[PDB]
Amino acid sequence: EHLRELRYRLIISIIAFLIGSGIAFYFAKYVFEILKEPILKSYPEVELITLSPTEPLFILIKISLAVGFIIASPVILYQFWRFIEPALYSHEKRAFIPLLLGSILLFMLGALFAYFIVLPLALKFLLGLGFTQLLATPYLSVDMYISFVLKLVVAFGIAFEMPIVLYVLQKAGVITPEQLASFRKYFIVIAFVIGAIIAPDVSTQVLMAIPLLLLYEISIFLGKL
Ligand SMILES: CCCCCCCCCCC(CCCCCCCCCC)(CO[C@H]1O[C@@H](CO)[C@H](O[C@@H]2O[C@@H](CO)[C@H](O)[C@@H](O)[C@@H]2O)[C@@H](O)[C@@H]1O)CO[C@H]1O[C@@H](CO)[C@H](O[C@@H]2O[C@@H](CO)[C@H](O)[C@@H](O)[C@@H]2O)[C@@H](O)[C@H]1O
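Reading guide: rules and limits
Residues numbered from 1 in each chain as written, not as in the entry; some residues may be left out. Heavy atoms only, no water. Core = buried A, V, L, I, M, F, W, Y, C linked by side-chain atoms within 4.5 Å. Buried < 20%, exposed > 50% of the residue type's maximum accessible area, 1.4 Å probe, protein only. Helix = DSSP H or I, 4+ residues; strand = E, 2+ residues; numbered from the N terminus. Contact = heavy atoms within 4.5 Å. Axes fitted to C-alpha atoms, helices over the stretch in contact; angles between N-to-C directions. Left-handed = near helix turned anticlockwise from the far one by under 90°. Nonpolar A, V, L, I, M, F, W, Y, C, P; charged D, E, K, R; others polar. Parallel < 35°, antiparallel > 145°, perpendicular 65-115°, else oblique.

Method of structure determination, per the deposited record: X-ray crystallography was used for this entry, reaching 3.50 Å resolution.

Right under this line is the structure:
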């Protein structure tokens, strides 16, 4: 049953993600505008050329897949939450509703944080560091810039879900707040690994690790037992 439940809830979540991805595909040219907007306004001297051969569809498929996941985030959050509580951990179903709503708005606040705080900051640390206008002119590849935005935006959505899945595991006594306090020296490496994968330089790898450790230290404080 628990074996089969996942092998059906997965297919429902995967079915939702593709419906969401297809929607994202249709209005992708407009989503490409929202993404281009942060650079276009801050450093207009920086040209977004397509250094790539004939790959504006790869940029499309990346856009249709990442944005298709932010559309499906409410369905995916539900399939997680229903497979765990009241299913295994909690007991009340009107503790589940404020949990789903709370976790739906934590993925949205995560994406807004990346797009409106991490990213503009990540651009000043990259090309806004004084007179670096010479090494940044038709030097920007759109496939580079778009991807970094999509990585940063999706990672922060997910990174924000940590203090709820954690508070709920700590409450269900699956983990203790001291067990997170012991994993600190490993999450510092986790955060810098994630920061190495998604960020282009050290300045941005660090810029990313900071809110991640901060989200980890929010989970320990939600060690109210
Ligand atoms: C969960 C479902 C998914 C929801 C999110 C998906 C993405 C939604 C963004 C898409 C969308 C609304 C779509 C709504 C329908 C959703 C239905 C969902 C599926 C249901 C099953 C944004 O909608 C608006 O959003 C705001 C921008 O953020 C703005 O609104 C207000 O505006 C101010 C006005 O005065 C207000 O004063 C201000 O207050 C707000 O700024 C508008 O600028 C914008 O149109 C449409 O935008 C774009 O669509 C594309 C066609 O692909 C259009 O194609 C191009 O346009 C031609 C023009 O000639 C070009 O010639 C041609 O190149 C091409 O043809 C674009 O033109 C474009 O307009």
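Draft legend 1. Spatial organisation of the nonpolar core. Residues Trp81, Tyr145 and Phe156 are the most contacted members of the largest nonpolar core, which totals 59 residues. Here this core takes twelve residues from helix 4 (residues 97-124), the largest share from any one element. Setting aside chain neighbours within four positions, we find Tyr145 in contact with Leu35, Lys36, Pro38, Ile39, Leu48, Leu119, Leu123 and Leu140.

Draft legend 2. Highlighting the packing of helix 3 (residues 56-84) against helix 4. Running from N to C, helix 3 and helix 4 cross one another at 145 degrees; their axes reach a closest spacing of 10 Å. With respect to the hand of their crossing, helix 3 and helix 4 are arranged in right-handed fashion. Across the interface between the two elements, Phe69, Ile70, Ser73, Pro74, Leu77, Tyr78 and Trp81 from helix 3 touch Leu99, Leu100, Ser103, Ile104, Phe107 and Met108 from helix 4. Residue composition of the contact of helix 3 with helix 4, by class: eleven nonpolar, two polar and no charged.

Draft legend 3. Structural context of the packing of helix 2 (residues 28-42) against helix 5 (residues 142-159). In the contact formed by helix 2 and helix 5, the axes pass within 10 Å of each other and the chain directions differ by 100 degrees. As the angle between them shows, helix 2 and helix 5 are arranged roughly perpendicular. Facing helix 2, whose interface residues are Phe32, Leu35, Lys36, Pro38 and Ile39, helix 5 presents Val142, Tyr145, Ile146, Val149 and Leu150. For the contact of helix 2 with helix 5, the residue count by class is nine nonpolar, no polar and one charged.

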